[PDB]
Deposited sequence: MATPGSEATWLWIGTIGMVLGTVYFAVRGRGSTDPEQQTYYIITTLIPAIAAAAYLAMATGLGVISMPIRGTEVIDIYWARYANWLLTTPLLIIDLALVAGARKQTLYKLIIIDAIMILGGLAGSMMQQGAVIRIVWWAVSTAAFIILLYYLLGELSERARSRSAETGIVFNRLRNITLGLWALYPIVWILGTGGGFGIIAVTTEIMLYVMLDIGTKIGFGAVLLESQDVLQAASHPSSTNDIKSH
């Protein structure tokens, strides 16, 4: 099930990338084309990472996983901020916090001395997640609603998908082998990550690009 699910994820991300690329080839408006560039760059990086995983590279430590996360999550955050009309400084705060969360996940997964400081890293990354959640529910949502009612609705949709899917990643991590106590197998963890990435990238981007009229 290892290579099976890696290739499932590779094909899913490649299909999402080519669909987002061919869906935006007819557009000259700067805002829409920026949205399309970022929204197609996310699953393209995801597909590159999954191809590296399934080709025997990507694992030494699942470095390609954290590469995919560290590269795509800030682009998802940039899309969220563009939709919300957020201040540049708030966007910088969100990017720093998200990078800290993902790097803390990578650390806690990479440590070996026991389950103590690994779970401490898990708690630090989860606190980064909580403050990210508070920023998305507070400042970004308020800004999106102050833009317009339609903008508030679209950002509500996108924010709900984002938070609901992101909150599952630390669960898979603390239950998974690569990060926590190995309660679920490596293949089950890879399947769950594949499905979560399919959601958080393809479906989120489909909503965001459909919502441009």
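Missing from the model relative to the deposited sequence are positions 1 to 5, 66 to 76, 230 to 246 (no C-alpha coordinates, numbering from 1).
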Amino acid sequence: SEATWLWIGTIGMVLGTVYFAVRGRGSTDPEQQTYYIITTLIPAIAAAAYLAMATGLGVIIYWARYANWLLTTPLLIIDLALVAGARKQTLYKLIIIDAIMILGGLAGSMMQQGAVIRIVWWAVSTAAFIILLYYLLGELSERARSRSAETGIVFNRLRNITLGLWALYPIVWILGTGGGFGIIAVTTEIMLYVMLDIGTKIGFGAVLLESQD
From here on, numbers count along this sequence of modelled residues.
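Higher mean CA B-factor, judged across 70 to 78 and 133 to 141 from the recorded values: 133 to 141.
Taking the PDB entry as given, 142 to 150 carries the higher mean Cα B factor of the two stretches 142 to 150 and 42 to 50. Annotation for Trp63, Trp173, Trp166, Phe155: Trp166 ranks highest, by Cα B-factor. As recorded in the PDB entry, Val22 shows the highest C-alpha B-factor of the residues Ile198, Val22, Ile11, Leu192. In this PDB entry, the Cα temperature factor of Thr126 sits in the middle third of its chain's modelled residues. For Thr177, the recorded CA B-factor ranks within the highest third of the chain. Only modelled residues enter the ranking.
Per-chain ranking of the deposited C-alpha B factor places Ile119 in the highest third. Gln32: CA B factor in the highest third of modelled residues in this chain (values from the PDB entry). Ranked within its chain, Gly105 lands in the highest third, by CA B factor from the PDB record.
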